[PDB]
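S.K.: Sequence, then the experimental structure. Questions to follow.
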Amino acid sequence: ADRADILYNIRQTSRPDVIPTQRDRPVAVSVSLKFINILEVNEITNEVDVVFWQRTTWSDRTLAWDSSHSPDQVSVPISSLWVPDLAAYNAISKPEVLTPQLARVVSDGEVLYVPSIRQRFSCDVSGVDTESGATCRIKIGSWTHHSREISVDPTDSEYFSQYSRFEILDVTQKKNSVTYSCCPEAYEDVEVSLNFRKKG
Amino acid sequence: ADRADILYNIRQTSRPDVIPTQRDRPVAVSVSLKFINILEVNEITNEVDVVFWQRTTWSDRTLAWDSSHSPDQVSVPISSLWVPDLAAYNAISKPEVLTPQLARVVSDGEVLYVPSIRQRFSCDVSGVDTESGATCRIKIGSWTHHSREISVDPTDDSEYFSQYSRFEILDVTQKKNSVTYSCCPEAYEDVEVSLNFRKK
Amino acid sequence: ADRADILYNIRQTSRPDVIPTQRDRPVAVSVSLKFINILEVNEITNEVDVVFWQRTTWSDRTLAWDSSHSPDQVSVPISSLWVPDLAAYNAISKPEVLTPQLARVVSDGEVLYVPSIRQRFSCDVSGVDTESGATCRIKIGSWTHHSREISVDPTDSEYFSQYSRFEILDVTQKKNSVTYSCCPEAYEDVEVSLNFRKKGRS
Amino acid sequence: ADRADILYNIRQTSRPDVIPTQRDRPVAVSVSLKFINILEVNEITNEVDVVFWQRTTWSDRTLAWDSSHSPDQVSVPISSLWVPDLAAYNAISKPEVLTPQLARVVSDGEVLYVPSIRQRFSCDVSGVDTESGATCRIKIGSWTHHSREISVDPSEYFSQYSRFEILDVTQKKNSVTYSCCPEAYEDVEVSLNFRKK
Amino acid sequence: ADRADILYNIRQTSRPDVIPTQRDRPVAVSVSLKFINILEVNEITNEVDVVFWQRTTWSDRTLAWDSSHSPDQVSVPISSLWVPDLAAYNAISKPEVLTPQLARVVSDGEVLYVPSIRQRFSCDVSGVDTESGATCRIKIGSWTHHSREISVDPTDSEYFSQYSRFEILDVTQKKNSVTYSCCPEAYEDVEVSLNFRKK
Ligand SMILES: O=C(/N=c1\ccccn1Cc1ccc(Cl)nc1)C(F)(F)F
Ligand SMILES: O=C(/N=c1\ccccn1Cc1ccc(Cl)nc1)C(F)(F)F
Ligand SMILES: O=C(/N=c1\ccccn1Cc1ccc(Cl)nc1)C(F)(F)F
Ligand SMILES: O=C(/N=c1\ccccn1Cc1ccc(Cl)nc1)C(F)(F)F
Ligand SMILES: O=C(/N=c1\ccccn1Cc1ccc(Cl)nc1)C(F)(F)F
């Protein structure tokens, strides 16, 4: 089988609107942000405009194929796959995806999607012009799938632009969960704590 | 039946362009705003820029399925369902939907859609910098369906409000109301949401 | 017949791409603006940013159905119907439609479409900070259908925001026509004259 | 045949991705700009923001019909037709089409498309505040079709409310050749001479 | 064969979502920028806004045809072809494509795509107001295809606007590769070094 055959079989099997739960097990989604740039910071409005690679992985075992004598990976448009409905709870702009909207699918059904995103957040910008810096917390989880359907798991300056006016002191990525006043269900999130300051 | 079968059945039965009226009853739509952020306020132009969760529910009994031995809820793209044609009568920008455009459909045909919306409004910002604050009224109802076709009913004010806003919420009231246009006798139902807020 | 049947039959019969001319008659389009808000005014550049309800009506007899024992109206997405190709001749931005893009179709084939539009115009803003105010003229007609294919007919503060910095002194809506030096065809328009000023002047 | 029949046959016949060359001839595209407004000018950055009607005509004879006893012209969405791939070589923004994206198709296969475009250009703004004014040159031609495939040939509607006025508009045939390749690309060079009032 | 027959063959054969690899060879993509304009430069934020023609070529030999007695080129919408998933690694805005999204397909299966792009970058703007000027480095390569699937190869003021406030001192285009600390795979790129200054 060649790449054309692998993509045809993915198109025949993939259900982009169906979460690929295995044994009524939650889909385990791994989310990890790599900060690339901090573009605009407003300490009076508590708003930041950031660029980050949102490294996202999960398994869809329905997409698996035998790769003994075939490619074991292909690039696929995300419109052909199920993708987790992740949202940043303190976002104040829609995610601007800067890069081609392609995922990698491995022959075992593992999916990797790493969009470069520019987005604006409401977060604590107090202290940005001090030595100890600001700590801006970004919360990302499923918008519509509670913890029985999607679980979110985490995994500093390595890809950060050396040309930014700002620098990263530390990034922490911690598992958390949100429950709503109405309903029993918990929604999982990753809390990403970006400690940064203006360069001296 | 699995999630795939539920979504296939929704695609076979859903009529996104047909209001799901049962007998000749109006569709009962519940609308409730949770304020998340107040980003900009202009006392001279009487304009506010806000982020809110618009919690919207209704019933479409054509979508119902037997869930004795299947999932009793699924996430569905709103493009596959009928959605009420709600509009904010005093909006001065298009609603910017920040979140994935997915609804939850329950096996009894109940639908929940909770978009996070950033939008700008024309409303009374007088008193915003005083202790008693401003009261900004936002009117949301059906644009094209009168009260025989759609009825709109309302349901801690600060529980999800950003601590990083320059503003704080004193009170939110959500009241039933109706608009009638000069030209005809038909009444359009709305919820009037009164946001009493002030500068910190 | 239920609403589903009416919409299915509209989808079967409606030709969104075909102007519904009856006999060899122009389609009679009624256009009427209700001003809701005046957002930004620049007296140096002569530009205004306004929100208005563009009340639009016409008849498409191909859509008609027997409603003796069925609903006599439905809401329909505009993508399923023919809609007049109206444009503002002095617009300097695309019309931003703020509302659901649904029309009402009555069982006699009458169509009503009332989008809330935010749009920017090049017009006379001189005098906005005077007692007599500015008069900004907006011209709306068919972009591509001349007067033998589409005729445009008209029909003040009732829906204007009380919270605007501006007040409306008067709105007049007058029938007009444009002819191009090139070609014989006359294009009908409505000329909407918005006379407004800043509130609270000395 | 009624309007519905003419539009159905246009939809059945039209090849939006195929240049409608007749014989071995280039498609003859006529382009003429009518300036409506000059909105912003920057003498330091040499940038202008302008509104113009881009009057564009060509022939697609495959669309022709007998109109002895039928309408001679119909409005068609451009997404149903072949349209020349015109670009402004010195544009620094995407063309913003302000008007309904409909062309007129005549029963002989002539096509007319007149979008109202707002667009920003890099051009000579020096002298805008003088009596003799600035001359901003806009070059428009096929991006991907050379002169064997497409040939390009060339104040009444200018807003009285602009803070600028038009002294003169010249529209001259020209061609661009790339150092890489033999192919010549035809263009119209539009010289807009304008000044602050 | 007429143009319609050539395009119908392309539309039937082209697989827009499938990289056209020959055997287990990478697809060899050529990328070359021609700078047209430098519009905004911010020495405090280290941001530039630029317009460039991104000349992009590759081969898809499945598309080839006999042109002895037919056109040897046609214009095709990129939505009907495979196109390399190129991205600028230091971009801070989406690429704004200013031109029609058409590629040329040549009868030997060579494909040429030359979009005019306006885009904003994070790069070194220090020295822009000096005689020696700033050097802004732009990295462009495959976002999702490593060096076994796509190889990227390069190939000065000739098309640069005389009306810019800036002028080009030099452009160098060098082959490079990026590796991620996660995985063995190398991703090929072109590093374009734009040396420019205020006039
Ligand atoms: O982590 C990885 N790739 C990164 C990481 C950061 C930035 C870019 N890429 C390349 C890449 C790989 C796959 C997909 Cl779907 N999208 C992008 C690696 F090595 F796994 F490919
Ligand atoms: O109200 C609820 N969820 C909220 C409330 C506020 C913000 C987010 N969500 C999660 C959510 C659930 C379902 C849908 Cl369709 N959209 C979003 C609850 F609890 F009922 F799920
Ligand atoms: O004019 C009318 N409605 C108005 C007038 C102004 C603003 C809103 N609406 C509601 C409405 C009704 C139907 C359609 Cl298609 N679009 C909007 C009325 F009452 F005649 F329907
Ligand atoms: O300039 C011209 N027409 C204008 C100019 C401005 C506004 C309207 N029209 C009419 C018109 C006719 C046909 C097409 Cl496809 N598009 C528009 C003309 F007629 F010369 F082509
Ligand atoms: O390099 C070339 N053309 C250029 C070079 C720079 C700018 C524009 N064009 C025209 C052109 C040709 C083909 C394609 Cl797909 N897209 C555009 C040439 F001559 F080889 F076609």
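M.R.: All right, it came through fine. Numbering: from 1, shown residues only, chains lettered A, B, ... in the order given. Ligands and ions are numbered 1, 2, ... in the order given.
S.K.: drop to CA atoms for contacts and neighbour counts, all remaining ones
M.R.: Fine.
S.K.: And for residue A:179, the neighbour number?
M.R.: Residue A:179: 12 surrounding residues under other C-alpha atoms under 10 Å in any protein chain shown.
S.K.: wouldn't it be in contact with residue A:147 here?
M.R.: No: using C-alpha atoms under 8 Å, residue A:179 makes no contact with residue A:147, being 10.3 Å away.
S.K.: what's the overlap in contacts for the two?
M.R.: Common contacts of residue A:179 and residue A:147 (C-alpha atoms under 8 Å, 6 or more residues apart in numbering or on different chains): A:185-187.
S.K.: Identify the residues contacting stretch A:35-43?
M.R.: For stretch A:35-43, the surrounding residues in contact (C-alpha under 8 Å, 6+ apart) are A:47-53, A:125-126, A:128, A:156-157, A:159-161, A:164-166, E:45.
S.K.: likewise stretch A:61-68?
M.R.: With contact meaning C-alpha under 8 Å, 6+ apart, stretch A:61-68 is reached by A:6, A:9-10, A:13-14, A:20, A:22, A:105-110.
S.K.: how about those, which pair is most distant?
M.R.: Spanning the widest gap among those are A:6 and A:22, at 21.5 Å by C-alpha to C-alpha.
S.K.: These two: which has the busier surroundings?
M.R.: Set residue A:6 next to residue A:22 and count neighbours by other C-alpha under 10 Å: residue A:6 wins out with 24 against 12.
S.K.: and after the helix or strand hosting the more buried one, which helix or strand comes next?
M.R.: Using DSSP states H and E, residue A:6 falls within helix A:3-13. The C-terminal neighbour of helix A:3-13 among helices and strands, as given by DSSP H and E, is strand A:27-42.
S.K.: What about the shared contacts of residue A:179 and residue A:147, which are in strands?
M.R.: If you go by DSSP state E, the shared contacts of residue A:179 and residue A:147 have A:186-187 in strands.
S.K.: between the shared contacts of residue A:179 and residue A:147, which has the most around it?
M.R.: Highest neighbour count within these, by other C-alpha under 10 Å: residue A:187, with 21 neighbours.
S.K.: What is the burial count for whichever residue of chain A sits closest to ligand 5?
M.R.: Of all residues in chain A, residue A:100 sits closest to ligand 5, at 20.0 Å by C-alpha to the nearest ligand atom. The number of residues packed near residue A:100 is 18, by other C-alpha under 10 Å.
S.K.: For it, what are phi and psi?
M.R.: When quoted as degrees, to the nearest 10, the phi and psi of residue A:100 stand at phi -50, psi 140.
S.K.: Chain neighbours aside, what residue packs nearest to it?
M.R.: Setting aside the residues directly before and after it, residue A:100 is nearest to residue E:85 in space (C-alpha to C-alpha, 6 or more residues apart in numbering or on different chains), at 5.9 Å.
S.K.: Show me what the most centrally placed residue in chain A is bridged to.
M.R.: By C-alpha atoms, centre = their mean, chain A has its centre lying nearest to residue A:54, at 3.8 Å. Judged by DSSP bridges, the bridge partners of residue A:54 are residue A:33.
S.K.: for it, what are its contacts?
M.R.: Each residue near residue A:54 by C-alpha under 8 Å, 6+ apart is listed here: A:31-34, A:113-117.
S.K.: Let's see if you can find the most crowded of the residues you listed.
M.R.: The residue in these with the most neighbours, by other C-alpha under 10 Å, is residue A:116 (28 neighbours).
S.K.: Correct me if wrong: that residue contacts residue A:102.
M.R.: No: taking contacts as C-alpha under 8 Å, residue A:116 lies outside contact range of residue A:102: 11.5 Å.
S.K.: related to what we said a few turns ago, just the buried members of the contacts of stretch A:61-68?
M.R.: A:6, A:10, A:14, A:20, A:105-110 (16 or more other C-alpha atoms under 10 Å in any protein chain shown).
S.K.: sec struct for the residue in chain A positioned nearest to chain B, please.
M.R.: Among all residues of chain A, residue A:94 sits closest to chain B, at 5.0 Å; criterion: C-alpha to the nearest C-alpha. Classification of residue A:94 by DSSP: H, G, I helix; E, B strand; the rest coil places it in coil.
S.K.: Determine the angle, from 0 to 180 degrees, between the host helix or strand of residue A:172 and strand A:27-42.
M.R.: Following DSSP H and E, the helix or strand that holds residue A:172 is strand A:166-179. On the basis of axes from the mean of the first three to the mean of the last three C-alpha atoms, to 10 degrees, strand A:166-179 is oriented at 130 degrees to strand A:27-42.
S.K.: Name every strand pairing with strand A:166-179 and say which way it goes.
M.R.: Its sheet considered, strand A:166-179 pairs with strand A:186-198 (antiparallel) by DSSP bridges.
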